[PDB]
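Student: Protein chains in written order, with the deposited numbering: chain F, 63 to 193, 204 to 223, 236 to 415; chain A, 63 to 415; chain J, 4 to 194; chain I, 4 to 194. Even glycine gets a Cβ: it sits at the ideal position worked out from N, Cα and C. After the structure tokens below, expect a handful of questions from me.
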Amino acid sequence: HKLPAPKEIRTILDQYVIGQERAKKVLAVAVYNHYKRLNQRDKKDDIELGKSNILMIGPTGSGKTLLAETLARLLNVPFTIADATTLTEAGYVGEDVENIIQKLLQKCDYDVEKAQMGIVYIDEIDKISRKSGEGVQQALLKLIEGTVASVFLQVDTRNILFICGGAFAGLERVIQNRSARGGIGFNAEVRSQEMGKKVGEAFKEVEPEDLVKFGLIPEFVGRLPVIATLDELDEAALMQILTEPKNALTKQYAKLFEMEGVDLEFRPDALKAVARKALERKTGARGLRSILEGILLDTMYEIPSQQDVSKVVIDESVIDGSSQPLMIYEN
Amino acid sequence: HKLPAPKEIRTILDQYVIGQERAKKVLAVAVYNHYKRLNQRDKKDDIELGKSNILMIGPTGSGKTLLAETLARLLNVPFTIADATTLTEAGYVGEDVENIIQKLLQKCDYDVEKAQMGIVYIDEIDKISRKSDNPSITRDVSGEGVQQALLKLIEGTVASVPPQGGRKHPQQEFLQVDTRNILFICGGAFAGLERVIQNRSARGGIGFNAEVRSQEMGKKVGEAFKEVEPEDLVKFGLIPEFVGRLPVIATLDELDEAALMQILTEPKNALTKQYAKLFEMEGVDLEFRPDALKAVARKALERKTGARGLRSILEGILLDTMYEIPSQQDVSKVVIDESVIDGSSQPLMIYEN
Amino acid sequence: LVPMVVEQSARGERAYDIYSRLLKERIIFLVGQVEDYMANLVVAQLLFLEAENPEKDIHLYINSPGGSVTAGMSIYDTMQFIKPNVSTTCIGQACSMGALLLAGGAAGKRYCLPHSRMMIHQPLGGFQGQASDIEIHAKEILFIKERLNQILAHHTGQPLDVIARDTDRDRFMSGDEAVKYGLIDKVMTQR
Amino acid sequence: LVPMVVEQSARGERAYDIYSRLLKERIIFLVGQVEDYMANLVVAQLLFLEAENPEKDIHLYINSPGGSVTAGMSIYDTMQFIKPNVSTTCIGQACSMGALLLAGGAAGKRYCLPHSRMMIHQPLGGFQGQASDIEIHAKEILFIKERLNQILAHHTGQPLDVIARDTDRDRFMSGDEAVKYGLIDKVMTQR
Ligand SMILES: Nc1ncnc2c1ncn2[C@@H]1O[C@H](COP(=O)(O)OP(=O)(O)OP(=O)(O)O)[C@@H](O)[C@H]1O
Ligand SMILES: Nc1ncnc2c1ncn2[C@@H]1O[C@H](COP(=O)(O)OP(=O)(O)OP(=O)(O)O)[C@@H](O)[C@H]1O
Ligand SMILES: [Mg+2]
Ligand SMILES: [Mg+2]
Numbered sequence: 063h064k065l066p067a068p069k070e071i072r073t074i075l076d077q078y079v080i081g082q083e084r085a086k087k088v089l090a091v092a093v094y095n096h097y098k099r100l101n102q103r104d105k106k107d108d109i110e111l112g113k114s115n116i117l118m119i120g121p122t123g124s125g126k127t128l129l130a131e132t133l134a135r136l137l138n139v140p141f142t143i144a145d146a147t148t149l150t151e152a153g154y155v156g157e158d159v160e161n162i163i164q165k166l167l168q169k170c171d172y173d174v175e176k177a178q179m180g181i182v183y184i185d186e187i188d189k190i191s192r193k204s205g206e207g208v209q210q211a212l213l214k215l216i217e218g219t220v221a222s223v236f237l238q239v240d241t242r243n244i245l246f247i248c249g250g251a252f253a254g255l256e257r258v259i260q261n262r263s264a265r266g267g268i269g270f271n272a273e274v275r276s277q278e279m280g281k282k283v284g285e286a287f288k289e290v291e292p293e294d295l296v297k298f299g300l301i302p303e304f305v306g307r308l309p310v311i312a313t314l315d316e317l318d319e320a321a322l323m324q325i326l327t328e329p330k331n332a333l334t335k336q337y338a339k340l341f342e343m344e345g346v347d348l349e350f351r352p353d354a355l356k357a358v359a360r361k362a363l364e365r366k367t368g369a370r371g372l373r374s375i376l377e378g379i380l381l382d383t384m385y386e387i388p389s390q391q392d393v394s395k396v397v398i399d400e401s402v403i404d405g406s407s408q409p410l411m412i413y414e415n
Numbered sequence: 063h064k065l066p067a068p069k070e071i072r073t074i075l076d077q078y079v080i081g082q083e084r085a086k087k088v089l090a091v092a093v094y095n096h097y098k099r100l101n102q103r104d105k106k107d108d109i110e111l112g113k114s115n116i117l118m119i120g121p122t123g124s125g126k127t128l129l130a131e132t133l134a135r136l137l138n139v140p141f142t143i144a145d146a147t148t149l150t151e152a153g154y155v156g157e158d159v160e161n162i163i164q165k166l167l168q169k170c171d172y173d174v175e176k177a178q179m180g181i182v183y184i185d186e187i188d189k190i191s192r193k194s195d196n197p198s199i200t201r202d203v204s205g206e207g208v209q210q211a212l213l214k215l216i217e218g219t220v221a222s223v224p225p226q227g228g229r230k231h232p233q234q235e236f237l238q239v240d241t242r243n244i245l246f247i248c249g250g251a252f253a254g255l256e257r258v259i260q261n262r263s264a265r266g267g268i269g270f271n272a273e274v275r276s277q278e279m280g281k282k283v284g285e286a287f288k289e290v291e292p293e294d295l296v297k298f299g300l301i302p303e304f305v306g307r308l309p310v311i312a313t314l315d316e317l318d319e320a321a322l323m324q325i326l327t328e329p330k331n332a333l334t335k336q337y338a339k340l341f342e343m344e345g346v347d348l349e350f351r352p353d354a355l356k357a358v359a360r361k362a363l364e365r366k367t368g369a370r371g372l373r374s375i376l377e378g379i380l381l382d383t384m385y386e387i388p389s390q391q392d393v394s395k396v397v398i399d400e401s402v403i404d405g406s407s408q409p410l411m412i413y414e415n
Numbered sequence: 004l005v006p007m008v009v010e011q012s013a014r015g016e017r018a019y020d021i022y023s024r025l026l027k028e029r030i031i032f033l034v035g036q037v038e039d040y041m042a043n044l045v046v047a048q049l050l051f052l053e054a055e056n057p058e059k060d061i062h063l064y065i066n067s068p069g070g071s072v073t074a075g076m077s078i079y080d081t082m083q084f085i086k087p088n089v090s091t092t093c094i095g096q097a098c099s100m101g102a103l104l105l106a107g108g109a110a111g112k113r114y115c116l117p118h119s120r121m122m123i124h125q126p127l128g129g130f131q132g133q134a135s136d137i138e139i140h141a142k143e144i145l146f147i148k149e150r151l152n153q154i155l156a157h158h159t160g161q162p163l164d165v166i167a168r169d170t171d172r173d174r175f176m177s178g179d180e181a182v183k184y185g186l187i188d189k190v191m192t193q194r
Numbered sequence: 004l005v006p007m008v009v010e011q012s013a014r015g016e017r018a019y020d021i022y023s024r025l026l027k028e029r030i031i032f033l034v035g036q037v038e039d040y041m042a043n044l045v046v047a048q049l050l051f052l053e054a055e056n057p058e059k060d061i062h063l064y065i066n067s068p069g070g071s072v073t074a075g076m077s078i079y080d081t082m083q084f085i086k087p088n089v090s091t092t093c094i095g096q097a098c099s100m101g102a103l104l105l106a107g108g109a110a111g112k113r114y115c116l117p118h119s120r121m122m123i124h125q126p127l128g129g130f131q132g133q134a135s136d137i138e139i140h141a142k143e144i145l146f147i148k149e150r151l152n153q154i155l156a157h158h159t160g161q162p163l164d165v166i167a168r169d170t171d172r173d174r175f176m177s178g179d180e181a182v183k184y185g186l187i188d189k190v191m192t193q194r
């Protein structure tokens, strides 16, 4: 187990994720404790501490998987990313709940040594919400308790850190109900029309009660002493991400034009406007794709029509939707 | 073979479709850049080649299915039209979510690699839409359950589709076929979305300085999807995370006056000509006067049933004539006029003698 | 007493008063002397029907002996401002203010019963004060009298000189006489 | 009688009077003489709408021949104190307090129907007693006259010397004249 200090964990992870450093701080120390504490408890006085499971709650395209991947990028121990929809009744109607342990057998390399420190992670856990449904939750909760169960190869379930993260739909509305409203007076603080519209109501402050109200099994809801809070996005972080990945959207756009032999010249100024379009559609980092894909459609239907189109210059007017691609066609 | 430009593909689509240039170019551009991905497999930091799955939407009779029909006959890669209604969650007795992949294999000779290159269109996507914006207490397995089941494939996964034989074997070495290479185009008529966007865009208030709008009307169908945004899709019932998976959103203007006057004859397969071809076998000619065409065009509008309505109009007019010609021989031709279409007149019958 | 009525819609049974039941059908009633309170209700109803259906045609029955000029202007200006056509059907009597609203209806949608009476008169006002105040108020009432004549001339189509002449004294007109004058378009006799 | 209206919300059907239904859309009605009881209703309505949506604008229709100065000030002071912009639409008459409340609306949100009439005059008062008491009350009515003129100047932009000159006697102003004067911003004619 890597087990670095919280400082190292956050700093080494920041390299690949921008904007999620707030939640990182919490998760950093969280996982740090779990490995260290359990591995070398040394029969601590009045041992009560339960597995330091951390919850993950963020909307779609919030970088849940990215934070899960970066967390598992340097972690030598296995991570065995799994799903909650794939799970069904225990080999009655479909897939059994032992498939999560089966994904661990692949990552652990059939090594009990690796199995015991397996960081079982799940994604989109919010699709089993009670309304199979609640049955999968209970059959899932059984393993969360740390009940040794083979898939066949015996697997150590004790000390398995759970960083499961779901894109809970309707989470803010439930925590919005808990929030109080303003009064009606001349010396009263009406704070807003609504309360979960300025900041993410869900990922600022959460208590186990709020999760139970959502419609989840109370035992599982009160099974994780720690929690997290993912920030949807940031305006500053949206311009950096535009060209941060190895095959970033803008990069790939130019690479696609380069296949024909055209350069995709782009202006810094245009970038700012682009961020606003994504912030308005409110579809996450992935959302930005649609904005430029449509904008480039004209350029993806002009460059082919005219050959020998050396490059294409995009200005702030083009992202505003008034200007037409400035073809730089020449000799 | 030579990665046809967007113009080189739209040319064939224009042969039949009349006015769907927005969608035709969207597919042309997508198809164009898609082909490059197959050839751009070099590990030169140009491998990601992410795909923005399109979600074709618009009123009925807007040539949505038609596009796939014509595109299926052009694409050099195996193209398979699909439906989101029949395939259901594997757990519950019924067809399985993976069977559609097998359909591509059937027309691809089970060459998984070649299959991967193919495309996957899914018409009738408005059906799977969640019962309500918020899930109901009764699981909608024939709905959002299938939506999530297919979602992972859209993101990218592998499918263990079986081979053509080998039943004896317990799992018969289920063929592994990639999904990230198989582009996805979601088609569908979003009946009711117009009201959603109508209120989302502006909620008619009251007062002199308000934004009072028609309570309920089916007159705004025309270009009713040119302001649709992912939020409105969610209201309709398309699960938010599912919406994000498909960034591009196409729009199909209901119809135009020129397209209705042109569609009767202009397209390769023209309703008028269809009856004329049948009339030829009978031994009569079908002369449609130019005014006749404009008359039928108008008639189609009241039905508000799409281009399909045109067929009904001609069949109604050409009912007594088609019932008489066989029993009433010596008919050289049957001239048509605008009055005939209107109904005031009866189709002019011609006789060589 | 106002009798109650049941709609018996598909959704279920809901009880509406005789006046509210007709309001759903784009009908508004103008009865009694025109005043700020009753006139304000008509305005509220007109605005409500506009939002409900801005394309349907509203119907306004008028049986009133007149009233406040300011109150009438609020109704007339409201009818012309909104997009829906406001039909008028005079029942009983229609004095100066009632006649203005009747004439202010949408063209071709003005009606009156066979035994209806329509009278057009000049504005009646009263005020007490010093000579300076009297001179100011006299100009105001004379201004209003000119505007009302222009309104009737616009809808009826008669020249302004004829309106001022016929409004000097009380002039009663029957249904047939009103059609020739231009105050209305058709006289409803039977279904 | 006040008619009933059905909202027919998604959750279920509800029945609201014509006035309550419009109140849901941030609309307040000022009808009749201004007095403490009716003025208190407006204040309560303004505060309630503020809590529902402190960002959405509010529309205050004013049809009144004036009234108590104190009651009017409670409304004017409340309109400015709250965050939402309280629009104003004259629907036919504002004599003393109606124009102060029509000209005390957010900039760019003061309207008037085509045939509305707006007046402005100095506050009238009545009191009897000893000479010492008369002198005390005389100063009070003179102080109020100055504070009221200052309010009009602020919202209209005209100098105080002009307001005092125009408020000595009754001055009637039409819709077009009021725009140039500064009392209102736009004259609503059609939708
Ligand atoms: N925090 C982030 N930093 C940089 N890129 C991000 C971030 N979050 C999302 N993205 C972008 O989103 C794309 C991948 O989306 P992904 O499939 O990870 O969504 P997701 O966050 O896993 O959805 P969900 O939260 O529902 O699991 C990548 O192109 C990536 O650039
Ligand atoms: N733009 C068009 N040009 C030519 N023919 C058309 C056009 N639109 C519709 N049609 C005709 O309508 C039929 C195809 O209907 P279409 O595919 O438009 O329905 P759809 O929108 O797919 O319905 P649904 O959304 O319910 O699947 C064909 O017979 C075709 O001739
Ligand atoms: Mg992801
Ligand atoms: Mg079809």
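Give the interface partners of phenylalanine 236 (chain A) over in chain J, defined as CB-CB distance under 7 Å, in chain order.
Tutor: What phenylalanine 236 (chain A) touches in chain J: nothing, since even the nearest Cβ is about 53 Å away.
Student: Of the choices F:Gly306, F:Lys214, F:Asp171, whose alpha-carbon is the least far from that of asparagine 115 (chain F)?
Tutor: The residue with the shortest Cα to Cα distance from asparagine 115 (chain F) is F:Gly306.
Student: Tell me, which residues are paired with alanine 144 (chain F) by DSSP?
Tutor: BP columns for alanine 144 (chain F) point to F:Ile184.
Student: Which residue from F:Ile184, F:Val139, F:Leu133 puts its Cα closest to that of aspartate 145 (chain F)?
Tutor: Nearest option by C-alpha distance: F:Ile184.
Student: Using C-beta distances below 8 Å, list every residue in its chain close to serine 67 (chain I), excluding the 5 sequence neighbours before and after it, in chain order.
Tutor: Once the five neighbours on either side are set aside, the close Cβ partners of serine 67 (chain I) are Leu33, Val34, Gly35, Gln36, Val37, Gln96, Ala97, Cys98, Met100, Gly101.
Student: Can you look up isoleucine 61 (chain J) in the DSSP assignment and give me helix, strand or coil?
Tutor: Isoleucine 61 (chain J) falls in the strand class under three-state DSSP.
Student: Look at the Cβ atom of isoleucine 31 (chain J), then the Cβ atom of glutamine 11 (chain J), and state whether they are nearer than 8 Å.
Tutor: Result no, Cβ atoms of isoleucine 31 (chain J) and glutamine 11 (chain J) do not sit closer than 8 Å.
Student: How would you label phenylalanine 51 (chain I), buried or exposed, when you count the other beta carbons within 10 angstroms and need 16 or more for buried?
Tutor: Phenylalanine 51 (chain I) is exposed by the Cβ-count criterion.
Student: Restricting to Cα atoms, I'd like to know which of F:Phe252, F:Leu410, F:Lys98 is closest to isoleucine 301 (chain A).
Tutor: Residue F:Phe252 is the option with its Cα nearest to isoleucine 301 (chain A).
Student: According to DSSP, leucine 237 (chain A) sits in a beta bridge with which residue or residues?
Tutor: DSSP output for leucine 237 (chain A) lists A:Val223 as bridge partner(s).
Student: Residue range of the alpha helix (DSSP H) that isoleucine 94 (chain J) falls in?
Tutor: First-last for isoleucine 94 (chain J): 89-97, but that is the beta strand (DSSP E), not the alpha helix (DSSP H).
Student: For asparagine 101 (chain F), count the other beta carbons within 10 Å of its own beta carbon; 16 or more makes it buried, fewer makes it exposed. Which is it?
Tutor: Exposed: under 16 other Cβ atoms inside 10 Å.
Student: Alpha carbon to alpha carbon, what distance is there between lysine 366 (chain F) and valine 208 (chain A)?
Tutor: Going by the C-alpha atoms only, they are around 25 Å apart.
Student: Measure the alpha-carbon distance for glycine 120 (chain A) versus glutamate 316 (chain A) and round it to whole angstroms.
Tutor: One C-alpha to the other measures close to 7 Å.
Student: If you count every other CB in all the chains shown that lies within 10 Å of the CB of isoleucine 137 (chain J), and 16 or more means buried, which is it?
Tutor: Burial call: exposed.
Student: Under 8 Å between the Cβ atoms of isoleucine 147 (chain I) and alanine 156 (chain I)?
Tutor: In this structure, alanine 156 (chain I) does not lie closer than 8 Å to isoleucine 147 (chain I) by Cβ.
Student: Output the distance between the C-alpha atoms of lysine 69 (chain A) and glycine 405 (chain F), rounded to the nearest integer angstrom.
Tutor: Those two C-alpha atoms are separated by around 23 Å.
Student: In chain J, which residues lie with their C-beta within 7 Å of the C-beta of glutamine 260 (chain A)?
Tutor: By Cβ distance, chain J contributes nothing, its closest Cβ being about 13 Å from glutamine 260 (chain A), past 7 Å.
Student: For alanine 321 (chain F) versus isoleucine 80 (chain F), is the C-beta spacing smaller than 8 Å?
Tutor: Yes, the pair counts as a contact, with Cβ atoms nearer than the cut-off.
Student: Thinking just about the alpha-carbon of each residue, which of I:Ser77, I:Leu103, I:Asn88 is nearest to the one in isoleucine 65 (chain I)?
Tutor: It is I:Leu103 whose Cα lies nearest to the Cα of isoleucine 65 (chain I).
Student: Report the neighbours of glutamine 336 (chain F) on chain A: residues whose CB is nearer than 9 Å to its CB, in chain order.
Tutor: Under the 9 Å cutoff, chain A gives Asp108, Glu110, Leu111, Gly112.
Student: Under 7 Å between beta-carbons, which chain J residues line up against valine 283 (chain A)? List them in chain order, please.
Tutor: Near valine 283 (chain A) there are no residues of chain J at all, since even the closest Cβ is about 16 Å away, more than 7 Å.
Student: Relative to ligand 2, is the shortest distance from any of its heavy atoms to the C-beta of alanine 67 (chain F) smaller than 7 Å?
Tutor: It does not: the Cβ of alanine 67 (chain F) is nowhere closer than 7 Å to a heavy atom of ligand 2.
Student: Could you check where the beta strand (DSSP E) with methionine 7 (chain I) kicks off and where it finishes?
Tutor: 7-9 is the span of the beta strand (DSSP E), which, as asked, contains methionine 7 (chain I).
Student: On a Cα-Cα basis, can you pick out the residue from J:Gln153, J:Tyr40, J:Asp173 that is closest to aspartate 164 (chain J)?
Tutor: Ranking the options by Cα distance to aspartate 164 (chain J), first place goes to J:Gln153.
Student: At a cut-off of 7 Å, is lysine 126 (chain A) close to ligand 2 when judged by its beta-carbon and the heavy atoms of the ligand?
Tutor: Result yes, Cβ under 7 Å from ligand 2.
Student: Below 9 Å on C-beta distance, what does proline 57 (chain J) contact in chain A?
Tutor: In chain order: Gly266, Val274, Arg275, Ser276, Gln277.
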